[PDB]
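Only this structure's heavy atoms are used, side chains among them; waters, hydrogens and symmetry mates stay out. Naming convention: chains lettered A, B, ... in sequence-line order (proteins, then strands); numbering from 1 in each chain. We count ligands from 1, going down the list as the structure has it; atoms in each ligand are counted the same way.
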Amino acid sequence: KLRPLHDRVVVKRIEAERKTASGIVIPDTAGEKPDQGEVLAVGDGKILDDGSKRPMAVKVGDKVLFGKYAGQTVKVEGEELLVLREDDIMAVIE
Amino acid sequence: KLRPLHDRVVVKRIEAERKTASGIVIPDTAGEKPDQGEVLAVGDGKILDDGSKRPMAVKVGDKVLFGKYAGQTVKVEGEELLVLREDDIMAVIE
Amino acid sequence: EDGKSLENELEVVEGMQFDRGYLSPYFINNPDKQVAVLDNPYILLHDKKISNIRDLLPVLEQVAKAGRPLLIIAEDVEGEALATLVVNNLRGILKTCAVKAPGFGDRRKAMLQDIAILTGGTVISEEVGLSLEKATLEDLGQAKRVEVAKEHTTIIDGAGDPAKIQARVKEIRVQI
Amino acid sequence: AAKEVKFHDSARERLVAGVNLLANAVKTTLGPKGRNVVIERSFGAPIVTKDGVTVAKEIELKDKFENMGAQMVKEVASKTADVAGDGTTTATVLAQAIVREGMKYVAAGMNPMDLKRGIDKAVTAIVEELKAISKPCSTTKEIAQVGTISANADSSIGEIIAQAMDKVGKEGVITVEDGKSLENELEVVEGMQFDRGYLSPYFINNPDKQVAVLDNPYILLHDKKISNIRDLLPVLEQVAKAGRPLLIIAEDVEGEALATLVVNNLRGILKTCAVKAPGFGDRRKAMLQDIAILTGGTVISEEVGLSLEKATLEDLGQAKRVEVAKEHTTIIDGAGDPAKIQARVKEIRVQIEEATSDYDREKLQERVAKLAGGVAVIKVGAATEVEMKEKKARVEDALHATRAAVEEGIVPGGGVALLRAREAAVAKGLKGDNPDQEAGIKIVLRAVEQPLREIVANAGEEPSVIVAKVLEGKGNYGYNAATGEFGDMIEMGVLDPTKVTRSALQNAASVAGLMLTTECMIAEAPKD
Ligand SMILES: Nc1ncnc2c1ncn2[C@@H]1O[C@H](COP(=O)(O)OP(=O)(O)O)[C@@H](O)[C@H]1O
Ligand SMILES: [Mg+2]
């Protein structure tokens, strides 16, 4: 549905945890929004100065961690999706 | 579990000092947060302008000293893991 | 005090009652009288306001292991902290009640210490060297029963040893 | 400042003079043939009243020593009005009789403290006999009779009050306000009405009455302001495909949210109405929970963990019909489980027993009436404001008496109940521990005849002859001062609440007994 450009990555931010290790239910208001999410669409890569594309460190499917400052929410067909550059994803979980 | 990307380095900020050379106990509130920590995961390296990777000066296991204005905390499994770029580490201890 | 009837009546209050009610009606466990009865609960003494969840969660998880109820005595429990308690109460995951810390000024601190001595616990505060995140079950006070009404709670009997209770009583009577 | 001190008889005569002045003014209003008292107001329009407490509260004397006697008797009526709402004239008359009879024994050298102890002993015995004589007020005919007597022989007031209690039941709330016509009218509000109107005229679905009727609607309870649309859309969509209307009860609906509801109303896409949440402060939360329990829904609030975006149809309340007028809406019938409603009513009535402010249980009773009863409004009709105030006081007095009648029962009126109770108490062996206590008993035995004597005196007959004839009779036999005939008080309709009679005697004895024990009086000295 959504195709990013260059170094852009589209992520669905995961839901803030509801239960705990012991099962304590945190209300949705209290639950802090995690800085993680899975990738749905990946770009071709940033065009470096000499031409061609930079190989991308993230492929469609992995779970990535991104800063809270970065990203933008997109309004297509209702779901909240965060589109952000490749450099903001600081780590990949499993 | 956590795999950083490019120049990112994952550090666990070591806890504040508790007992001194004289054995004085400092409350956790009074104890200043140290700017040091051990590295759990290291990135492959920053992609410079011609491709390839920049060799990393930090290897998994050593103690590194990082800026107190740098890094971002990650909410994974409740630990105080900090993710920051390779350049924010001022120095490596022993 | 003034009575409502035409005859003199004597009301005797036993144990520790500090004339402070609950902060939320959902803490009530039996609707017959509108009271919050806690059987063998833990008592958490805090001298500072509690608003966030990230600090109270470590101690709320510990009382969930034993399954005993938790009574939170603090200056105020609002926002996320108050919300987290009522969500757990209705779902039955963990039964608990929260009351305001009795008294104003230094008298609030003195009576909070008395409750901790009576209940065999410690007042969690950064002024002594204890943090809510690092609070454990041993630091919490205990009692066999406490009931929280609309405007008062009565700790039926603290779990502290009589030796420390007598010493605390001796200190107050000396200060008298 | 400087104090003037009076001793012995010089103090007692000043005290008794203040008692007599206040009680004589209150005396004139006692009984069916009692007459009105005009009290001048600072802002004009003097009040015309037949109530003893109203007359007593306006009496102040230049003599400060006489004023103490007036002030102490004044609060006999104040306490009787507080606990019964009726019988304030009877209490004032009884208090004066005890003082008048007790001062004779004080002047005879008897110990006033033992007189007070004897007075308490006799009053306890008579009150117990009043309980035995009292009969329950079961029939609505008796309620009309009790209301008619307390409204100064006004059958219209008694009948309308009996109808009001029949319609709203024992758990209902009845209020009195000014009417626009010349006749009394009764308005009964059923179900839950929270006197809050719509936020926009476009919510009206029928222009004939300028009302917004929603048939089988969903009710959304929200304890926070609603201004944006992105949060109301998820629940609006859920309401939309169901086809039922939606009533939004929140603190306020403005801006995008209000415009979206208005826009969909004109286009007919989704019929809805929005009303402000009733009440202020914690009271707003209380009735909002009551509406949720009544309507079988849950109040959406982040304080409980629920969110407006995550709100579902099951969380919404339901009703068979609701109509939103310009300034009020009425939920005809909530969809909540009656067992939960009864439990909620039980909780509130428990809180009623603990209420400490006058407006506390008054609003608590209103919540109970909204939940498991009704609210009746009696609009008093009168030509002028002065007549309106006099009629309203009579209607309020009749409402208080009828409430006291169902609470504790009824006794024969016209002072007969006190006489019958006295004879039963004497026949049971009422005696004191010493001759001074025996005199204190004799004070109360003579004093309880005073309400009948003053009723007869106002009627123009001879009090002592009538009292003797009444004492010759037994049971409900009494004297009808309205018709000047002897007969059965219950059959003739002269009924009194036993709570009013008991309260009047107990309050009068407590104050007048203390007045007998006064030997010294201290007041501020006059300014030369
Ligand atoms: N038709 C009547 N015949 C005899 N007694 C009456 C009649 N109507 C009312 N009463 C008596 O008069 C008393 C009413 O006094 P009222 O003037 O209403 O002052 P209060 O209400 O303060 O006693 C009642 O105790 C009642 O028993
Ligand atoms: Mg009356």
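- Close approach to D:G414 involves these atoms of ligand 1, each under 4.0 Å from a residue heavy atom: 5 (N), 11 (C), 26 (C), 27 (O).
- Around the NZ atom of D:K79, the shell of radius 6.0 Å holds no more than 12 heavy atoms that belong to other residues, nucleotides or ligands.
- Counting atoms of ligand 1 from 1 in the listed order, those under 4.0 Å from a heavy atom of D:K50 are 17 (O).
- Residue D:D397 does not count as close to the Mg ion (ligand 2), with no N, O or S atom under 2.8 Å.
- Nearest to the Mg ion (ligand 2), among the N, O or S atoms that D:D86 has, is OD1.
- For the pair D:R394 and D:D154, the salt-bridge criterion is met [side-chain N within less than 4.0 Å of a carboxylate O].
- Looking at ligand 1, you won't find any N or O of D:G52 less than 3.5 Å from one of its N or O atoms.
- Side-chain atoms of D:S134 come within 3.5 Å of backbone N or O of D:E408 as a donor-acceptor pair.
- Of the protein's non-hydrogen atoms, D:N480 OD1, 3.2 Å is the one closest to atom 2 (C) of ligand 1.
- In summary, D:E390 and D:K392 do not engage in a salt bridge, as defined by a charged side-chain N under 4.0 Å from a carboxylate O.
- Residue contacts with ligand 1, taken as heavy atom pairs separated by less than 4.0 Å, involve D:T89 via backbone and side-chain atoms alike.
- In the vicinity of D:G413, heavy-atom distances shorter than 4.0 Å reach the ligand 1 atoms 27 (O).
- Using modelled atom types and a 3.5 Å distance limit, the side chains of D:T124 and D:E128 yield no donor-acceptor pair.
- In this structure, D:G87 counts as a contact residue of ligand 1, since one of its heavy atoms falls inside 4.0 Å of the ligand.
- Checked by atom type, the side-chain pair D:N67/D:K62 shows no donor-acceptor distance below 3.5 Å.
- Only the side chain of D:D496 comes within 4.0 Å of ligand 1, counting heavy atoms alone; its backbone N, CA, C and O stay farther away.
- One finds no salt bridge joining D:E396 and D:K391 here, because no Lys/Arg side-chain nitrogen approaches an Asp/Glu carboxylate oxygen to under 4.0 Å.
- Those atoms of ligand 1 with a heavy atom of D:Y479 less than 4.0 angstrom away are 3 (N), 4 (C).
- Panel note: side chain D:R14, backbone D:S10; no donor-acceptor pair is recorded below 3.5 Å.
- Proximity of D:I149 to ligand 1, defined as any heavy-atom pair under 4.0 Å, is confined to the side chain (atoms from C-beta onward).
- Protein heavy atom closest to atom 15 (O) of ligand 1, with residue, atom name and distance, is D:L30 CD1, 3.3 Å.
- The single protein non-hydrogen atom nearest to atom 13 (C) of ligand 1 is D:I455 CD1, 4.0 Å, given as residue, atom name and distance.
- There is no protein heavy atom less than 4.0 angstrom from atom 18 (O) of ligand 1.
- A salt bridge links D:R117 with D:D114: the distance from a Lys NZ or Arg NE/NH1/NH2 to an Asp or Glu carboxylate oxygen falls below 4.0 Å.
- Atoms of ligand 1 lying under 4.0 Å from at least one heavy atom of D:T29, given by number and element, are 17 (O).
- We find that D:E438 and D:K431 are not joined by a salt bridge, their nearest charged nitrogen and carboxylate oxygen being 4.0 Å or further apart.
- Interface atoms of ligand 1 facing D:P32, defined by a heavy-atom separation under 4.0 Å, are 1 (N), 2 (C), 6 (C), 7 (C), 8 (N), 9 (C), 10 (N).
- The shortest N or O to N or O distance between D:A481 and ligand 1 is below 3.5 Å.
- The D:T90 neighbourhood of ligand 1 comprises atoms 22 (O), 23 (O), with distances under 4.0 Å to a heavy atom of that residue.
- Shown in contact with D:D86 at under 4.0 Å from a heavy atom are these atoms of ligand 1, numbered in order with element: 21 (O).
- Between the side chains of D:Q96 and D:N20, at least one donor N or O lies within less than 3.5 Å of an accepting N or O.
- In summary, D:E449 and D:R422 engage in a salt bridge, as defined by a charged side-chain N under 4.0 Å from a carboxylate O.
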